[PDB]
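Written out below as structure tokens is the structure these notes cover.
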Amino acid sequence: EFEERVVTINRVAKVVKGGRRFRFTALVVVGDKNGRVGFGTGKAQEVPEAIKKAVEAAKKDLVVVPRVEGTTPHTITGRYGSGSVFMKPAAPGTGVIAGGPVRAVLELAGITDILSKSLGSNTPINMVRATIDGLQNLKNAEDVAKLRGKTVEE
RNA sequence: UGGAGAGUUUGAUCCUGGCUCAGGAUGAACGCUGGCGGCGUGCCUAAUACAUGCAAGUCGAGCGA
């Protein structure tokens, strides 16, 4: 079993052309607090029924994040399109600071670090796709120790 | 050692982009209420004429009288 949160919903369609559409949508992040997250988007006109379509879209996506049990291994500027968050490791004891779309993703991988703010992000969709693009590009020491010498560098 | 955001142009979007709020401050004023032990700081606006008080004397083993 997993955990989900409703980040945002909308009421997006064209009102009357002779026949009405007025649909909703959602952007649900799912996670397990072990290091695997995801996100997906569905749409329907009955209000909480598009969430079950949205959690359906995110269970088929898992992203493995390295961890030193509380923070991230290094720093990176997770960038996608027009969004850019900044993330950097803390010391164990300080909690995850906000960025609300970026706040709820970092708690469902299971860390307690600082989070620098969204630099150029505007809307809560590209905050999410810039968050996940940051998390899926970190590096361990062991995989680096594969294609180098064997843990010399300290 | 340590670094958050939200709102608003469209029938509905993504972007550029402004304006606006939450917070910390004051040798502040002013608004309501009033128990203090104790610690500090109280002409920042007309350089607008300054009553009354005290702030530079001491030495009688200088020397006169």
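Sequential numbering from 10 applies to the first sequence in the entry's author numbering.
Just so you know, even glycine gets a beta-carbon here, dropped at the ideal spot from N, CA and C.
Within the same chain, show all residues whose beta-carbon is closer than 6 Å to that of residue i, passing over the 5 residues directly before and after it, in chain order.
{"i": "residue 118", "result": "44, 46, 74"}
{"i": "residue 98", "result": "80, 81, 122"}
Would residue i be called buried (16 or more neighbouring beta carbons within 10 Å of its own) or exposed?
{"i": "residue 156", "result": "exposed"}
{"i": "residue 173", "result": "The chain is shown only over 10 to 163; residue 173 falls outside these bounds and no answer can be derived."}
{"i": "residue 87", "result": "buried"}
{"i": "residue 33", "result": "buried"}
{"i": "residue 241", "result": "Given a span of 10 to 163 for the chain in the structure shown, any question on residue 241 remains unanswerable."}
{"i": "residue 84", "result": "exposed"}
{"i": "residue 59", "result": "buried"}
{"i": "residue 25", "result": "exposed"}
Taking residue i and residue j to be in contact with their CB atoms under 8 Å, please state how far apart those CB atoms are, rounded to whole angstroms.
{"i": "residue 94", "j": "residue 143", "result": "6 Å"}
{"i": "residue 16", "j": "residue 133", "result": "6 Å"}
{"i": "residue 51", "j": "residue 91", "result": "23 Å between Cβ atoms; not a contact."}
{"i": "residue 96", "j": "residue 125", "result": "7 Å"}
{"i": "residue 141", "j": "residue 48", "result": "7 Å"}
{"i": "residue 89", "j": "residue 131", "result": "Actually they are not in contact, since the Cβ atoms of residue 89 and residue 131 sit about 13 Å apart, beyond 8 Å."}
Of the residues the options, which one's Cα is nearest the Cα of residue i?
{"i": "residue 69", "options": "57, 54, 40, 55", "result": "40"}
{"i": "residue 102", "options": "112, 120, 85", "result": "120"}
{"i": "residue 147", "options": "72, 136, 116, 108", "result": "72"}
{"i": "residue 35", "options": "67, 29, 26", "result": "67"}
{"i": "residue 54", "options": "116, 18, 85", "result": "18"}
{"i": "residue 137", "options": "160, 112, 56", "result": "112"}
Go through its chain and collect everything with a Cβ distance to residue i's Cβ below 7 Å, but skip five positions before and after it.
{"i": "residue 64", "result": "13, 37, 39"}
{"i": "residue 23", "result": "30"}
{"i": "residue 145", "result": "72"}
For residue i, is the beta carbon positioned less than 7 Å from some heavy atom of the ligand GTP?
{"i": "residue 148", "result": "This structure lacks the ligand GTP, and indeed carries no ligand of any kind."}
Problem - Runs of beta strand (DSSP E) lying entirely within the region 14-97, each at least 3 residues, in chain order - result: Unbroken beta strand (DSSP E) runs of no fewer than 3 residues, entirely contained in the region 14-97, are found at 33-40, 45-49, 85-89, 92-97, following chain order.
Exercise for the section: Mind listing, in chain order, the continuous alpha helix (DSSP H) runs of no fewer than 4 residues lying wholly within the region 93-149? Expected result: Listed in chain order, they are 109-116, 135-144.
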